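Student: PDB entry and its sequence, pasted below:
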Amino acid sequence: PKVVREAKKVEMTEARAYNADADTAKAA
Amino acid sequence: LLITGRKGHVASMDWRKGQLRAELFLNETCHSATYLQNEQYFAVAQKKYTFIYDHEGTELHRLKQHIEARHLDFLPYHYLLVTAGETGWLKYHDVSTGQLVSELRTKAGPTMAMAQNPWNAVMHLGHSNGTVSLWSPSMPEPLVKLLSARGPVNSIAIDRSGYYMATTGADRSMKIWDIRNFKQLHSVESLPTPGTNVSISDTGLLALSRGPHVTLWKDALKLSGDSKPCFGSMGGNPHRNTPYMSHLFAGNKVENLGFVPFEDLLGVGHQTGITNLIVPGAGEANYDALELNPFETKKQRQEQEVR
Amino acid sequence: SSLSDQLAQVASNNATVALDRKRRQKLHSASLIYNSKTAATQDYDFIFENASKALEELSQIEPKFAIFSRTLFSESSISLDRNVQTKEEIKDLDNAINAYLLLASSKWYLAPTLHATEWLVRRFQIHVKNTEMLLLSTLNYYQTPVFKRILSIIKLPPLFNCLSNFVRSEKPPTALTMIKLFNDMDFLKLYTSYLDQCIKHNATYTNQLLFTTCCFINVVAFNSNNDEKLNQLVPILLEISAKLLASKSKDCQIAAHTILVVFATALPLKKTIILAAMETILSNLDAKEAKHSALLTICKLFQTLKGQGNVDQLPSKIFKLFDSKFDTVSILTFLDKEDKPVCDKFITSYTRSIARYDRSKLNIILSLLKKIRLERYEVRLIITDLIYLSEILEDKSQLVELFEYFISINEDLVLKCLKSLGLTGXXXXXX
Amino acid sequence: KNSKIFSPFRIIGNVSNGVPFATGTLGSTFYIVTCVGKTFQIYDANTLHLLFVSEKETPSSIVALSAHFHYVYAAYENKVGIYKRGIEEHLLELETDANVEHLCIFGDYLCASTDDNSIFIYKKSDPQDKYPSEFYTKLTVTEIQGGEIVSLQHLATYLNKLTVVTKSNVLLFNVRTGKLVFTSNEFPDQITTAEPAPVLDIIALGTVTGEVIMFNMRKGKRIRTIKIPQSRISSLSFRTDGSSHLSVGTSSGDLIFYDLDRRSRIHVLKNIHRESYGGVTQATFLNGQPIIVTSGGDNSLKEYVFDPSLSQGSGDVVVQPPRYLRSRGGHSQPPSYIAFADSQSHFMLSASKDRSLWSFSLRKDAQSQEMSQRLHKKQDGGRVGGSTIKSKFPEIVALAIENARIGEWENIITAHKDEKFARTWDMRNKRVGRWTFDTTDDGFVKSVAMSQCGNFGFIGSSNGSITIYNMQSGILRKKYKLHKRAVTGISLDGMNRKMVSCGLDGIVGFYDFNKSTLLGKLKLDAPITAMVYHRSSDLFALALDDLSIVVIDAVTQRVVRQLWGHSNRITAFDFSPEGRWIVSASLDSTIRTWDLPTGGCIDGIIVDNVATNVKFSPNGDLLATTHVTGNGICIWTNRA
Amino acid sequence: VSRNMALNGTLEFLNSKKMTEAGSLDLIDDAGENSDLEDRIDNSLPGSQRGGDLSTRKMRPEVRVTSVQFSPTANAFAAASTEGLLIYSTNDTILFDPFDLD
Amino acid sequence: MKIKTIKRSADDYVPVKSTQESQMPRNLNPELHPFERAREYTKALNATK
Amino acid sequence: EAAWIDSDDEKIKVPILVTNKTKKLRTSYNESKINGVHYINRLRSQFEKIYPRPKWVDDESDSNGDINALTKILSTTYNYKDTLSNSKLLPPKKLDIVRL
RNA sequence: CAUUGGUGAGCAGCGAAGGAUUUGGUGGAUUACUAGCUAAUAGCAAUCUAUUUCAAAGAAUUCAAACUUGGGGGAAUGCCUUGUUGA
């Protein structure tokens, strides 16, 4: 028998992003 | 590990290795289950009748008695299966002989919370009054009543030493009782959503379940005022007791939570499934191998089953 | 999914964790040398005596095993179980054992490596944890009785599903089933990443490196129909043969010639790929016996392709490099070989490059043509370049003697190219 | 052009058009916004449901999209909408006449860039405020500074610096001051598409020649470069799972994956979107997850995943090639002929010039599926004659469906463009039926109909012949011969007794069908293009070539109403569910609403795009139109 | 007659996500979950079909139209269902049913 | 953030050989042996029976 | 040493403790306001914690005949069979034919 | 002579760079589409902790509670119920 290629059920794990909305600071 | 679905799973897994002993699909609803005397004989709490199953999934007994069972517990030095359902009554079934020992009228209504005392083998019911009631199969009155919290009692747990109790009423409250002298140590007031479940570790670590949360405290069970568990220290105050370890699930509502006995995890049972959260300080690291073996062959078990 | 699918997934992650005594008496009982009853009754302390006594013999055969007695085969490395250690520390136990099975794989017929790896089998659980680098190091010994033992232990990975009928079988796994392994497009991507790992340590041995190509030839052979299958195959095979030519070893370079010549006859590659391959063959060509094999590639590579620009002049960086490693006298001794391979389509690209680049040695360009019977279009395509050269080059009497060779044979061919370009009387007037 | 009866509900069957979709993150879940022309959509990324469509159509096409967590920033012609749940909660108008090409969000700022090389900055009026509203300043780029603006990017950890990429080079603007803090060097190629990187200080670049250029901003240099043969790079994305992967999306339909650690390609996807409609317009690895989302211009949107590696110890070398996961589909081409499937208005068949019929859903928009075209293996045993490189069926110009016996044999008969036969389709199994229906006189099929019992299949050849095939076996029963020109519409009454037909010779023949006798024969003036019968009342309407609808009673065998008022060819029409209206659409770009008692139009709708088909629901609620441009189906809510 | 998942005989095709490896997810008794006592008490006799009370089924009610008659007057007909007696009619007359139009 | 958890190590508590008997580690904490008086009563009550 | 310097990136002074998310950037409990050069330094190191640095950015940069001549031309082509030639020689075993 | 029985050789016929049977895995449906999380009039989504506490409100059968028991007969000892002795 050849290599049993079977697709597995894919669940979206949680992740995180660097927020661009913190990259702005107020005027001095 | 034993798990029960609210709809139909009952799975008596071996847990470390990947073997599976019995998987029963029951089309009746099921509330709770415990292993009675080994890994081999367990006892689910069905729609109406507490059954007694075997390691293969066989039925061994349809208990005519125990006619409601929401909360189900075993205590292992008496071979004495205990139930307290939505009927008020409290029944103890000596599962070696099969002879029901003692049927006890609780008088307080449907049992909202039950958990054994390991040091003492008395048991603690919890009612809609908020009166945690100590019981014993000899006397038909409760041994001692304890107004723990207002409203009903969501869950209770008792320290392995027997000294300490933790109740969680549905009045957004939580009590820490001292069972040797029947005096509450200190009372967590106004935790933001009422703790549905607690459990005590073996080292003495406290657990709490707001429902999607799991919160842990270290040295909560002591007697000083500094041991009073708190959600946060203002200014990093050392006398105030921050929570030890917290975890929150995404969209779940947990049902019970029990520590694994001789490792340091806690088994959390939520609506989608099961996680074990890894807790370092939880379990006791060095057991006593005459009493309870994590490492136990077939021959070492069935000789200790007779003993 | 179901329950028993997820709950058997926990079993794979704890395949080595000895929990009950019966779980230990199944894991510890399997090994390379001792049978199933006498294996379970002996300590690690017993096995470490036989290993460290054997490993000092392997250190005498070559000194490379001396380092592993400091780390893996040391006396302090009896107490360490894999399962107790962190995730970073396990990858170092893998990268020691992965470095071990490279050096072990060469001396594998010998008795001391069988007693040496067995402690690294039975203490370090390599027959469960890392059985790819265990099997890929020992994939060339399929006929031997030692690989039949190696099959009788290993839970086979999902990529080696071709051998799964030969586990605990009587007869050894046959030669075609080894090809059904290499026919998969994923199993090759191991055997690239095994080999490019194996070349970097410069321990690739002769019997191993044959069995690589003797499978890599057949994978081209079994896929000679499906032109789609070959199209996705050479990012795997030619990237080996690119890195297999970068080796210092003369023995690795001849293996690259076997795969290149076989693939080039099976699929007509582009002109730019063949000129790319011809540089890398030229660039690292040092030893004697690698040169003879290398010349029969370019002899054969130039005949595989056919199209427009088939007989083009070689590029500048290519040609002087070919003159650097191959001599113009040595190419003549090559043509006088009584093997006499088909050197036909390459030399007419070689001769034209002489006519444009170097031009100093056209005595050779006569003697090249006496030794090889050329093709019909090739001689016309040569003579066009020389007549271009006849006008441009400051006129020379040896160039006249070249056309005298073509006044001897194919006179009308000389005329028809002159009647295509220029005049008939003007060429004889030019000389 | 405000109608009194109808009002538009939404357009059904469109997913994307070519404008790059932009993803937003809620918590741990992901939503994809796309656009459809003047009205954008929102898809979940966990099951690709439709979550939100905008409440009003925009006055022009949405040119660029972006989305920060709850708020979808949509940018049509002169203005930028800041939308929540598809509701316009704040309209932000840019003070030029130029059209906005690209848009960007970071921090307190919004950054919109018009086409005439000018960048507008909009500040949050307060840090409590969620959408930026106040006009801060106008940044310009003269052509001596750089080329035309390719895109606007804001890289990670730059205080108010805005990486403006141009066709020539790369800029940086400190939007608090307004000053060019850094300009890059000039690139030899025309830049087409830029994208940031999960590493620090690196934006990725895409040229018209096949070259991806990694570019540092702290060093201002090119770190890595990747050459691609013969491709115009249109989209870039990085996998943030922890494994280094670059996805290059061409404009020739190819999607190409690289492994920057191993310096190799992994697997190249071929034709995941059509080359002609634009190729891969946008592709994006979802954050920290092995899911890339590809959306071309050919009205589709697909997700591809990486399976875990088959190797135990190797891992990152043996990489599984990508794998098809869920997708949504629409017509790439405008629809030729549609119909409704059932009485509760729950499915619509739509056949287009893409050659692929679709059973769209008015009810739930994730329920729409292409009807399969996979021929049943014959009962007879001899093999099917067809080209081995399977091509789709020729486009469908006439469809008929009677829903009475569904799930037991075929109930959909379609006539393809320029084929002497006309195939059948099962509705429930979503598949081409096993029978094909021939005309037996070598004429093209111009009109088909089915009996209400669902047993007989009518075929109107273009040489007069009306063959009536049965629907169990596909067997021939009866062949009617009255017309001599092309038959252009058949029907059978509700009682299965009388049968009509209409030809281009003007003859409207009235058949009996129980007996095979010709009941009578009526001749009008003009040739007759189409017929819509109404089986509840035995009235049917014709479309003539003298631009008038003639309504003829089927029992009394005479013209009852004749409707004048059109001024060009009548495309299609349909009765109301109760026979009280006829809505006809014509090449005068109008859609009128005829009233059969009083004999006149009561509503005239001037639509700029000409309407090809108009079909009522069998229920009295929806009106569906298909136009000439555009891909989807406009659905009209009935005020009546 | 009716489109109810609550009644049994409605759907030609059940959903597939209800089918768990041991059995449909509708046949599972939800009766013990209920808060009151009076809901939890299953007194359904074993094979009682079309019996006395609706509690004694332990099934969802079947869809059946038992007896049908036309009206005497006005094109109506009443069909006696499980849900209750239906009445169909034509008292709307929102319909263009012409006769002999010139 | 120093983390230590309970590690059983599986090699001490389950023997390597097959012939070696299982070692049986004991903890004399009275918290884990709960019923002091009751057990030794019913060991003597079995002793007289 | 960078290729550019922003002058007013030093003058800017940001309060940390306002937003719920940025309060992980502070080193000690006493600090509340950090200038823009140190704020953007700390904000890079948290951006390390979300996306670790892969191997290709830092250690690697692109900046007789060579040895890599076969690897490079394999990178620059995607289709390897000589179909572009119009060879006028017929390929064996695969015959392009179209029935009319 | 008939097969409405099994195997197996052939032909007509259908026949676009192949055809047929069987099956593993995943996806989209299987009712009608208004986004994830929490302590929820708001915040997160890189995180709720060195604001998570105080205050307020909050205690009925003066201690209702097996609507849940397969049927006969019993119940010493229990338990329940009532009566009583004694402090």
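Tutor: Yes, it's here. Residues are numbered from 1 along each chain as shown, chains lettered A, B, ... in the order given.
Student: how about chain B: which residue is closest to chain D?
Tutor: Chain B approaches chain D most closely through residue B:250 (7.2 Å), counting by C-beta to the nearest C-beta. Where C-beta positions appear, they are placed from N, C-alpha and C, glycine not excepted.
Student: quick check: that residue is in a strand.
Tutor: No. The assignment for residue B:250, made by DSSP: H, G, I helix; E, B strand; the rest coil, is coil rather than a strand.
Student: contacts only, for the nearest residue to it once chain neighbours are set aside.
Tutor: In space, and not counting its chain neighbours, residue B:250 is closest to residue D:28: 7.2 Å by C-beta to C-beta, 6 or more residues apart in numbering or on different chains. Applying C-beta atoms under 8 Å, 6 or more residues apart in numbering or on different chains to residue D:28 gives the contacts A:12, A:14, A:15, B:250.
Student: residues near the second one, how many?
Tutor: Same thing as residue A:14. 11 (other C-beta atoms under 10 Å in any protein chain shown).
Student: and the spatially closest residue to it that is not a sequence neighbour, how far is that from residue C:244?
Tutor: Once flanking residues are discounted, residue A:14 sits nearest to residue D:28: 3.9 Å by C-beta to C-beta, 6+ apart. Counting by C-beta to C-beta, to the nearest Å, the gap between residue D:28 and residue C:244 amounts to 46 Å.
Student: before we move on, what about residue C:166?
Tutor: 29 Å.
Student: the two: who's more crowded?
Tutor: More crowded of residue C:166 and residue C:244, by other C-beta under 10 Å: residue C:244, with 27 against 19.
Student: stretch D:65-76 near chain G anywhere?
Tutor: No. Judged by C-beta under 8 Å from any C-beta of the partner chain, stretch D:65-76 stays clear of chain G, getting no closer than 12.4 Å.
Student: now do stretch C:91-108
Tutor: No. Against chain G, stretch C:91-108 shows no contacts by C-beta under 8 Å from any C-beta, the least distance being 15.3 Å.
Student: what residues sit buried inside that stretch?
Tutor: C:93-94, C:96-108 (16 or more other C-beta atoms under 10 Å in any protein chain shown).
Student: which SSE is the residue positioned nearest the centre of chain D in?
Tutor: In chain D, the C-alpha nearest the mean C-alpha coordinate belongs to residue D:14, at 3.3 Å (C-alpha atoms, centre = their mean). Taking DSSP states H and E as the definition, residue D:14 sits outside all helices and strands.
Student: quick revisit: what's the distance between the residue nearest to residue A:14 and residue D:288?
Tutor: 9 Å.
Student: overlap in contacts, the two.
Tutor: By C-beta under 8 Å, 6+ apart, the residues touching both residue D:28 and residue D:288 are A:14, A:15.
Student: gap between the residue of the stretch 1-150 of chain B found nearest chain F and RNA strand H?
Tutor: Here the stretch 1-150 of chain B gets closest to chain F at one residue, residue B:119, 5.0 Å apart by C-beta to the nearest C-beta. Applying C-beta to the nearest atom of the strand, to the nearest Å, the value for residue B:119 to RNA strand H is 25 Å.
Student: number of residues surrounding that residue?
Tutor: Residue B:119 - counted by other C-beta under 10 Å - has 18 other residues nearby.
Student: please settle this for me: is it part of a strand?
Tutor: No. Under three-state DSSP, residue B:119 falls outside any strand and is assigned coil.
Student: skipping its backbone neighbours, what lies nearest it in space?
Tutor: The nearest residue in space to residue B:119 (C-beta to C-beta, 6+ apart) is residue B:162, at 2.6 Å.
Student: and chain E, which residues reach chain B?
Tutor: Checking chain E against chain B by C-beta under 8 Å from any C-beta, the hits are E:22-23, E:25, E:27-33, E:37, E:40, E:42.
Student: shouldn't the residue nearest to the centre of chain D be in contact with residue D:368?
Tutor: No. Under the criterion of C-beta atoms under 8 Å, residue D:14 makes no contact with residue D:368, lying 10.9 Å away.
Student: if we can go back for a sec, quick one: residues contacting the residue of chain B closest to chain D.
Tutor: A:14, B:212, D:28.
Student: isn't residue F:12 up against residue F:24?
Tutor: No. Residue F:12 is beyond contact range of residue F:24, at 11.5 Å (criterion: C-beta under 8 Å).
Student: check contacts around the residue nearest to the spatial centre of chain G.
Tutor: What sits nearest the mean C-alpha location of chain G, by C-alpha atoms, centre = their mean, is residue G:57, with 6.4 Å. Residue G:57 makes contacts with D:199, D:200, D:202, D:223, as judged by C-beta under 8 Å, 6+ apart.
Student: next one: residue D:600
Tutor: Counting by C-beta under 8 Å, 6+ apart, residue D:600 has contacts D:563, D:565, D:594.
Student: which residue packs closest to the last one, ignoring adjacent ones?
Tutor: Across the structure, with C-beta to C-beta, 6+ apart as the measure, the residue nearest residue D:594 apart from its sequence neighbours is residue D:582 (4.0 Å).
Student: I appreciate the help and will end here.
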